[PDB]
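To keep things clear, I will list the structure first and then write my remarks on it.
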Amino acid sequence: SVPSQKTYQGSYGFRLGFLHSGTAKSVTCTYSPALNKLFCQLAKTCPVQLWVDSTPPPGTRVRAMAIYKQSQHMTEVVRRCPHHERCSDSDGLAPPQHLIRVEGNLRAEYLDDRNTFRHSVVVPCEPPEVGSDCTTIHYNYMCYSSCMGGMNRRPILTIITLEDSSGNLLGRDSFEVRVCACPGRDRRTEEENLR
Ligand SMILES: Oc1c(Br)cc(Cl)cc1CN1CCC(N2CCC(O)CC2)CC1
Ligand SMILES: [Zn+2]
């Protein structure tokens with residue numbers, strides 16, 4: 001099966017936000033609103049903001065999952081390639097097979113779905129730090145889009161879902177991801193192609 005990617009703000013007015021990091025050749029993570037697409041280097045910090053209109057209940061969680069964007073591939077599980085799944089770069093919590101990690105959150109949980117076999121990482125939904133208006137999760141993507149035997153140049157989407165303590169849907173958002181050597185250059189290129 002294919003998880004839904006339908007944008008759904010739900011009762012709490014849930015949606016994502018991204019920083020404005022620009023497109024300098026040195027940039028390591030940058031988001032394109034025109035493409036709804038995040039461009040990042042391998043295993044680098046990707047700040048993703050969580051915005052809500054009202055506070056969700058205690059026990060609310062935030063799950064991240066990757067799927068292939070193209071329908072002929074949508075049904076295939078997104079996972080790390082045969083090289084990276086064996087390079088012993090574990091953080092002690094993430095299974096070596098998982099493409100998406102949450103950085104610096106000891107309460108992160110990693111799921112191998114016993115039915116779909118799809119991977120996800122989920123964390124408690126926390127309130128913003130005092131003085132802030134949103135909450136930020138830091139993600140890492142642990143393979144290149146180009147990795148052979150893995151994503152193999154196929155575009156993926158990340159689906160972020162807001163869930164209750166049972167795992168029921170409260171909210172959903174999504175964005176395309178390209179993990180590449182030069183995010184700044186590739187964003188500039190793909191935005192120019194769109195134009
Ligand atoms: O922002 C989060 C996040 Br993200 C996660 C969690 Cl668990 C809790 C909060 C607390 N927020 C809730 C929404 C509050 N504003 C009410 C007025 C409206 O005009 C703007 C939104 C601000 C405080
Ligand atoms: Zn790889």
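The figures here come from the full heavy-atom set of this structure, side chains too, leaving out hydrogens, waters and symmetry mates. Positions are given from 1 along the sequence.
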Legend entry - Test item: side-chain donor near acceptor, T45 and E103, under 3.5 Å: yes
Inset, instruction - Over all heavy atoms of both residues, which pair between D91 and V102 is shortest? Give the atoms and the distance, please. - result: OD2-O, 4.5 Å
Inset, instruction - Begin with the C-alpha distance, continue with both residues' side-chain angles, and end with the deciding distance and a verdict on salt bridge (charged side-chain N to carboxylate O under 4.0 Å, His left out) for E126 and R61. - result: CA-CA 8 Å; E126 302 171 346; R61 299 208 291 177; over 6 Å; no
Legend entry - Check: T60 side chain, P57 main-chain N or O, donor-acceptor pair, under 3.5 Å: yes
Inset, instruction - Please tell me if the side chains of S146 and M151 come closer than 4.5 Å, counting only heavy atoms from C-beta onward. - result: no
Inset, instruction - Decide, yes or no, whether a salt bridge links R187 with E191 under the criterion of side-chain N to carboxylate O below 4.0 Å. - result: yes
Legend entry - Aromatic ring pairing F175/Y141, orientation class (parallel under 30°, perpendicular over 60°, tilted between): perpendicular
Legend entry - Sidechain N-carboxylate O distance under 4.0 Å for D53, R15: yes
Inset, instruction - With side-chain contact (heavy atoms from CB on, under 4.5 Å) as the test, would you mind laying out the steps for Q97 and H119 before giving the verdict? - result: CA-CA 9 Å; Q97 303 95 328; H119 306 159; 3.9 Å; yes
Inset, instruction - Drop me the distance from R188's CZ to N193's CG, to the nearest 0.5 angstrom. - result: 12.5 Å
Legend entry - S4 side chain reached by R172 side chain, heavy atoms, under 4.5 Å: yes
Inset, instruction - Without swapping roles, check the side chain of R154 against the backbone of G150 for a donor-acceptor pair under 3.5 Å. - result: yes
Inset, instruction - Give a yes or no on whether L162 and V48 share a hydrophobic cluster (residues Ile, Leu, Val, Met, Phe, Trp, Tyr; joining criterion: side-chain heavy atoms under 4.5 Å apart). - result: yes
Inset, instruction - Could you tell me if the ring centre of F14 sits under 6.0 Å from that of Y8? - result: no
Inset, instruction - Considering non-hydrogen atoms only, spot the tightest contact between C46 and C40 and give its length. - result: SG-CB, 3.6 Å
Inset, instruction - Specify the closest pair of heavy atoms between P155 and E176, including all atoms of both residues, with the distance to one decimal. - result: CB-OE2, 3.5 Å
Inset, instruction - Looking only at non-hydrogen atoms, find the nearest pair between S54 and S11 and report the distance. - result: OG-O, 3.9 Å
Legend entry - Flag, side chain of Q49 to backbone of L16, donor-acceptor distance under 3.5 Å: no
Legend entry - Cation-pi check, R178 onto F39 ring (under 6.0 Å, within 45° of axis): no
Legend entry - Closest contact, heavy atoms only, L99 versus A66: CD2-CB, 4.2 Å
Legend entry - For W51, the option from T135, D133, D173 that meets side-chain contact (heavy atoms from CB on, under 4.5 Å): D133
Inset, instruction - Determine whether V2 and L157 fall in the same hydrophobic cluster, where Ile, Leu, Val, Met, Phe, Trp and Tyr are linked whenever their side-chain heavy atoms lie under 4.5 Å apart. - result: yes
Inset, instruction - Examine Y31 and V177 and state if one hydrophobic cluster contains both, with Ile, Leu, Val, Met, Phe, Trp and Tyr joined whenever side-chain heavy atoms are less than 4.5 Å apart. - result: yes
Legend entry - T158 side chain to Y139 side chain, donor-acceptor N/O pair below 3.5 angstrom: no
Legend entry - Check: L50 and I137 side chains under 4.5 Å, non-hydrogen atoms: yes
Inset, instruction - Assess the side chains of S120 and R63: does a donor N or O sit below 3.5 Å from an acceptor N or O? - result: yes
Inset, instruction - For the pair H98 and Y110, name the ring-plane relationship: parallel under 30°, tilted 30 to 60°, perpendicular over 60°. - result: perpendicular
Legend entry - Min side-chain heavy-atom separation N152-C147 under 4.5 Å: no
Inset, instruction - Report yes if the side chains of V62 and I160 come closer than 4.5 Å at any heavy-atom pair, otherwise no. - result: yes
Inset, instruction - Spell out, as yes or no, whether a donor-acceptor pair under 3.5 Å connects the side chain of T28 to the backbone of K44. - result: no
Legend entry - Whether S71 side chain and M74 backbone form a donor-acceptor pair below 3.5 Å: no
Legend entry - Atom pair OG/NZ of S174 and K69 - distance to nearest 0.5 Å: 9.5 Å
Inset, instruction - Can you see which heavy atom on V121 is nearest to which on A108, and at what distance? - result: CG2-CB, 4.2 Å
Legend entry - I100 side chain near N140 side chain, heavy-atom distance below 4.5 Å: no
Inset, instruction - Kindly compute the distance separating CZ (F117) from CD (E76), expressed to the nearest 0.5 Å. - result: 13.5 Å
Legend entry - Whether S132 side chain and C134 backbone form a donor-acceptor pair below 3.5 Å: no
Legend entry - Atom CD of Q72 with >12 non-hydrogen neighbours under 6.0 angstrom: yes
Inset, instruction - Please answer: with hydrophobic residues joined when any side-chain heavy atoms are less than 4.5 Å apart, are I159 and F18 in the same cluster? - result: no
Legend entry - Same cluster (ILVMFWY, side-chain, under 4.5 Å), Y68 and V179: yes
Legend entry - Electrostatic pair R80:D89 at N-O distance under 4.0 angstrom: yes
Inset, instruction - Could you grab the distance from atom CZ of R195 to atom CD of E192, nearest 0.5 Å is fine? - result: 4.5 Å
Legend entry - Residue pair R118 / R79, side-chain heavy-atom distance below 4.5 Å: no
Inset, instruction - Look only at the side chain of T161 and the backbone of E163, and say whether a donor-acceptor pair between them is shorter than 3.5 Å. - result: no
Inset, instruction - Report yes if the side chains of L194 and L35 come closer than 4.5 Å at any heavy-atom pair, otherwise no. - result: yes
